[PDB]
Structure formats: C-alpha cells, structure tokens
Amino acid sequence: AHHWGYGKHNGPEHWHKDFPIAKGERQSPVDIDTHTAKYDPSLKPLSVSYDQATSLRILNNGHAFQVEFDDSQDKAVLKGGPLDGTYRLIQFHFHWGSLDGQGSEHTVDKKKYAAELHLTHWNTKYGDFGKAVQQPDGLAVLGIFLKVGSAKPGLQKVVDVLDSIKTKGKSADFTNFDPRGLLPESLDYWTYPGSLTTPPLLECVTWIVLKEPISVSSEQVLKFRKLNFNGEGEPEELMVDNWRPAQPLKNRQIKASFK
Ligand SMILES: NS(=O)(=O)c1nc2ccccc2s1
Ligand SMILES: NS(=O)(=O)c1nc2ccccc2s1
Ligand SMILES: [Zn+2]
C-alpha cells in the first residue's frame, strides 16, 4: 500500500519509485518567475461562487488535514478565469513548514511562503472526482499563499478544531464553515497546467495561484505544527514540512490575469 510521506526516507525525492509520473512533463508545484509570466488579456475574471457551500467534516489524513464539502450537487463552484465549465469544491487543505521561511509549494521568484492553501475542485462534465483525475482538464486547484503577520479571523474556527484531530485517521464534524473567509481581497492570479502535488501526482490540474497572500498569525500557524503525521499512540512525528518542492517547468507557460 501507499507508504510515501515527507519523512527522511519516504519524501518527495523518493516518490518517483512508486509514481513514475513524478518525473513527468507537467508536474507541480513550480516556481513562478514574475518577469517571464505573460499578461493574457484573453483570461477572464475568476468566478468564485461559495455562497451555498456546505462544509461537512475535517480529517487528519496523515499528510495534512482536509476540510470536506458536499459535492453531490453544484453548491460551491469555481468558474471563469482560464476554465471552461463548472468545477465543484470537494475539499481544501494546507501545506506548511517547520518555520516561517518555508512551507509553500509554489514559489514566487524563488520566495517561499510560510504555507499554502489549496481549494480543490473537479470538473462536473466527468461526473465524479475519480473520473476527473484521469483527464487533463479534470481539476482546478485555487492556491493561496499564507504569510505570518496579523491573524486571519476566518481561519480561527479551523485552528481551534485541530486539537481534536491530532493524529492520522481522526475526524470531526465541521459544518457551517464559510471558506470565503480564507480569501484575500484581490483575485488577481497566475495560471498554468500542472498536476496533483501528492501521489498519485496525476497531470489533471489547471492551477490558479492568487498573487495576494493572506496574513495569518504566528499563533495560528504554530497550531498547524502541533498536528501529528502518526496515528494514535504511535511515536510522535510532528506534521511539518508537508510540501513538495518546485518541479521543472519544461514546456509550459505561466499566464497572468493582471498587467
Ligand atoms: N515515496 S514512495 O516511493 O512511494 C516510498 N518510499 C518508501 C520508503 C520505505 C518503505 C516504503 C516506501 S514507498
Ligand atoms: N496538493 S493538491 O495538488 O491540491 C492535491 N493532491 C491530491 C492527491 C490526491 C487526491 C486529491 C488531491 S488535491
Ligand atoms: Zn495541496
């Protein structure tokens, strides 16, 4: 079974041995070189439509924590921007570091942020998530950088439940959470074709990375770092540095929605 992780012996540099697409042509994340990225006037404004979102549950999956949504109908969707059609929000999760100087997956002119939020959506034309990941336009992931400064009020409900899902396989009710409280003011973005950043690393994602980071407090991110990779009663391994480094851009163009 799957035994990949972010440890000293099963981290990103090992993944290719069980997931050979790790060395593929459209892997994520990437470094965003802001001077090479081209303004594309043909891109549209994003439409983030989360007014009817229905969060359900939060889970420690042994790699991160994920907040899951009801994706059995169009409730919270992403449209527009580089996308054709409608993409349903299935879950969000974060990647973060052991200290504030690393944690993001994407980088901007080689700068690493303290963490990165991924809101994961799937293209409804394929009917279910499992079919969507097998298609080059199957997923859209909205990525948002976190820097450490002032607290993010809309994140606090998430941090306050983490004590209850400390170890792998623990979950808790997480209804009535509004993900709009995790967004920055501006929806200016970069976009490029890429992949899932954890195994199976499938090349099925249209990445939309917001230019404006959100600010979270040191206290908030410190609570992320108290989670465990391990299961209950097992030797404690703090859940930190659960990010994949930047991968080769190869023959891909990063486009900007803004001038
Ligand atoms: N990262 S992986 O190729 O999927 C993997 N690494 C390791 C290391 C030790 C035991 C099993 C596995 S499975
Ligand atoms: N980190 S991510 O590219 O947003 C992502 N990776 C995976 C892997 C398996 C299932 C869902 C997702 S969402
Ligand atoms: Zn992710």
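Per the deposition metadata, X-ray crystallography was the technique used to determine this entry, at a resolution of 1.210 Å.

UniProt's entry tags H93, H95 and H118 with the feature "binding site: Zn(2+)", counted in the numbering of this structure. Of the residues just listed, which span 26 residues, no C-alpha pair is farther apart than 8.2 Å, and they cluster in one region. Within the fold, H93 resides in strand β7 (residues 87–96). Judged by relative accessible area, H93 falls into the buried class, the value being 15%. Among the polar contacts listed, one links the side chain of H93 to the side chain of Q91, at a separation of 2.8 Å. Mapping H95 onto the fold places it in strand β7. Ignoring any residue separated from it by four or fewer positions in sequence, one finds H95 in contact with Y6, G103, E105, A114, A115, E116, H118, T197, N242 and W243.

Every protein donor of the zinc ion (ligand 3) is accounted for by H93 (NE2), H95 (NE2) and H118 (ND1), and the metal-donor separations fall at 2.0 Å. Positions of the donor residues of the zinc ion (ligand 3) along the chain correspond to the pattern H-x1-H-x22-H. With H93 in strand β7 and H118 in strand β9 (residues 115–123), the pair connects residues that are 25 residues apart, well separated along the chain. Classification of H118 by relative accessible area gives buried; the value is 2%.

It is worth spelling out the site of ligand 2 at this point. The environment of ligand 2 is formed by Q91, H93, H95, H118, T120, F129, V141, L196, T197, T198, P199 and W207. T198 places a side-chain nitrogen or oxygen 3.3 Å from a nitrogen atom of ligand 2. Relative to its unbound accessible surface of 340 Å², ligand 2 loses 85% to contact with the protein. The element best represented in the shell around ligand 2 is β7, accounting for 3 residues. Per-class residue counts for the shell around ligand 2 are 5 nonpolar, 7 polar and no charged.

Residues given the UniProt feature "domain: Alpha-carbonic anhydrase" here are residues 2–258. The distance from the first to the last C-alpha atom of residues 2–258 is 40 Å, and the span holds 7% helix and 29% strand.

Another point: the nonpolar core. Among soluble globular proteins, nonpolar side chains are generally buried collectively. By size, the foremost hydrophobic cluster in this structure holds 50 residues, and its most contacted members are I58, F65, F92, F94, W96 and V158. Among the elements of the structure, β5 (65–69), β7, β9, β10 (139–148), α2 (156–161), β13 (205–210) and β14 (214–216) are those that each provide at least two residues to this core. Sort the elements by how many residues they give to this core and β7 lands first, with 5 residues. The residues contacting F65, other than those within four sequence positions of it, are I58, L59, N60, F92, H93, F94, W96, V158, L162, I165, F224 and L227. Residues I32, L139, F145 and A256 belong to the second largest nonpolar core, which totals 22 residues.

Before going further, it helps to spend a moment on the pattern of salt bridges. Pairing between side chains becomes possible if they bear opposite charge and their charged atoms approach one another. If you walk through the whole model with that rule in mind, you get 10 salt bridges. Among the ionic pairs, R180 bridges to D51, the shortest N-O distance being 3.4 Å. Taken as a pair, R180 in the loop between β11 (171–173) and β12 (189–194) and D51 in the loop between β3 (46–49) and β4 (55–60) lie far apart in primary sequence, 129 residues in all. The salt bridge involving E232 is made with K170; its shortest N-O contact spans 3.7 Å. In this pair, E232 sits in the loop between α3 (218–224) and β15 (255–256) while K170 sits in the loop between α2 and β11, placing the two residues 62 residues apart along the sequence.

The rules behind the values
Keep in mind that residues are numbered from 1 along each chain as the sequence reads, not by the entry's scheme, and that residues without coordinates are left out. Chains and ligands are labelled by the order in which they are written, letters from A for the one and numbers from 1 for the other. Heavy atoms from the whole structure form the basis of all side-chain values; hydrogens and water molecules are not counted. UniProt positions are given in the numbering used here, feature names are shortened, and annotations may be inferred rather than shown by experiment. Each helix is a run of H or I in the DSSP string that is no shorter than four residues. Each strand is a run of E no shorter than two, and both are numbered from the N terminus. Each residue gets one of three labels from its accessible area relative to the maximum for its type: buried under 20%, exposed over 50%, partly exposed in between, using a 1.4 Å probe on protein chains only. Two N or O atoms form a polar contact when they lie within 3.5 Å of each other; inside protein one atom must be a possible hydrogen donor and the other a possible acceptor, and for residues adjacent in sequence the pair counts only when both atoms belong to side chains. The contact criterion used throughout is that any non-hydrogen atoms of two residues lie within 4.5 Å. Here the term donor refers to an N, O or S atom within 2.8 Å of the metal (or 3.2 Å for Na, K and Ca), and because water is left out of the atoms, sites may appear incomplete. Whether a residue is near a molecule or strand depends on its heavy atoms: it is near if one of them lies within 4 Å of it. Here the Shrake-Rupley method, with its probe set to 1.4 Å, supplies the accessible areas, and only the displayed protein chains count as covering residues. We call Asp, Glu, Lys and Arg charged. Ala, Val, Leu, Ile, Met, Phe, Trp, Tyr, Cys and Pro are nonpolar, and the rest, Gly among them, are polar. Buried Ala, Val, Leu, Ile, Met, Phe, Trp, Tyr and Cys residues form a nonpolar core when they are joined through side-chain atoms within 4.5 Å. Salt bridge, as used here: a side-chain nitrogen of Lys or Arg that lies within 4 Å of a carboxyl oxygen of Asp or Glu.

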